[PDB]
Amino acid sequence: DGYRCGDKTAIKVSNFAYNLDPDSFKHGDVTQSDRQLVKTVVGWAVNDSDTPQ
Amino acid sequence: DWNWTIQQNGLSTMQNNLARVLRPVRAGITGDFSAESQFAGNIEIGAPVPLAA
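Written as structure tokens, this is what we have:
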């Protein structure tokens with residue numbers, strides 16, 4: 160009843176965020192789920208002296 | 372022709388006056404400085420939280 164039947168108002172929950180309290184944070188195990196080679200490089204170096212370089 | 376000026380006014384004449392002209396001016400500068408849209412900023416390292424390994 161009343162003026163306008165139905166047409167109710169609504170309360171919507173939008174975004175939200177987290178104050179990630181520095182006192183606790185567990186990082187778990189890390190992985191990848193796939194592969195794809197981009198680029199690599201292989202080489203070496205030598206010390207032909209009597210001193211560390 | 373500075374030699375012309377010597378024979379016209381006398382060496383010592385100008386010799387002295389030139390010093391009166393060229394001697395150093397010692398002074399204290401008071402006042403301030405201002406400039407338009409320059410850059411400014413800050414950096415901070417906050418206190419450590421005892422939690423890792």
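Keeping their order, the protein sequence lines are chains H and J.
All residue numbers for the first sequence refer to the entry's author numbering, where the first residue is 160 and numbers rise by one.
All residue numbers for the second sequence refer to the entry's author numbering, where the first residue is 372 and numbers rise by one.
Think of the CB as a built atom: it goes at the ideal place given N, C-alpha and C, for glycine as much as any other residue.
Within the model, the alpha-carbon separation for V201 of chain H versus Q212 of chain H is close to 20 Å. The straight-line gap separating the alpha-carbon atoms of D180 of chain H and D403 of chain J is approximately 47 Å. When rounded, the separation of the alpha-carbon atoms in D372 of chain J and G381 of chain J is 14 Å. Between the alpha carbons of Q386 of chain J and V396 of chain J lies a gap of roughly 19 Å.
Excluding the 5 residues flanking it on each side, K198 of chain H has no same chain C-beta neighbour closer than 8 Å. Taken through DSSP and simplified to helix, strand or coil, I400 of chain J comes out as coil.
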